[PDB]
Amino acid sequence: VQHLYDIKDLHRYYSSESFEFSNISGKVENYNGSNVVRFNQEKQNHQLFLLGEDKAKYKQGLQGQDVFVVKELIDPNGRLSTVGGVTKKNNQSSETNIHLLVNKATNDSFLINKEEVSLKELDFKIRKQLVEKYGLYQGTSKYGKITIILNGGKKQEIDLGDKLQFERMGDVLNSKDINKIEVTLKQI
């Protein structure tokens, strides 16, 4: 029920480049029944899909929001398709240095720039660090778990065996509410 045949795909995805765009605006459009927002940034056309609760939250569209984009693919028309990653237009900002414990035991850290961060950004940045320094998605390393531990004991978990589910990429967290992150790498 668990295998290593998609290892190259996960490694390619979570080692690829991400972008953090500010003040993004655009109206919502119907594309194949989906709610999308097309915008141009760095001389590149983007197609943001709103598929989770971000669909309800950005009914009107984006009016200057922050967007964390990751290329799902570039469609035949040159548009970069990206999912979720929208956080609010914020007039306040601070640094949160998040302790990242990685068990295979090793203390790491993870610096977040905004007061509202998307689960997409947390997932992608954590996995990229795991790919580049801890051997994730290489050889027999694929499965494991990211555990985002919030203040008070509540936790939010991500399975490393698959890409984060598109519907979860629009979920957001308050950076101040993060207590620490634990990763467990279960290798064979």
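Counting begins at 1, following the sequence as shown.
- In this entry, residue 88 and residue 89 are joined directly, with no residue of the deposited sequence lacking coordinates between them.
- Once the C-alpha B-factors are averaged per stretch, 80-88 and 109-117 rank with 109-117 first.
- Remark: stretch with higher mean C-alpha B factor among 56-64 and 140-148 is 56-64.
- Of the candidates 160, 122, 50, 131, the PDB record gives 50 the highest C-alpha temperature factor.
- In this PDB entry, residue 181 carries a Cα temperature factor that places it within the lowest third of its chain's modelled residues.
- The PDB entry assigns residue 98 a C-alpha temperature factor belonging to the highest third of its chain's modelled residues.
- For residue 23, the recorded CA temperature factor ranks within the highest third of the chain's modelled residues.
- Split the chain's modelled residues into thirds by C-alpha temperature factor. Residue 127 is in the lowest one.
- Residue 46: CA B factor lies in the lowest third for its chain, per the PDB record.
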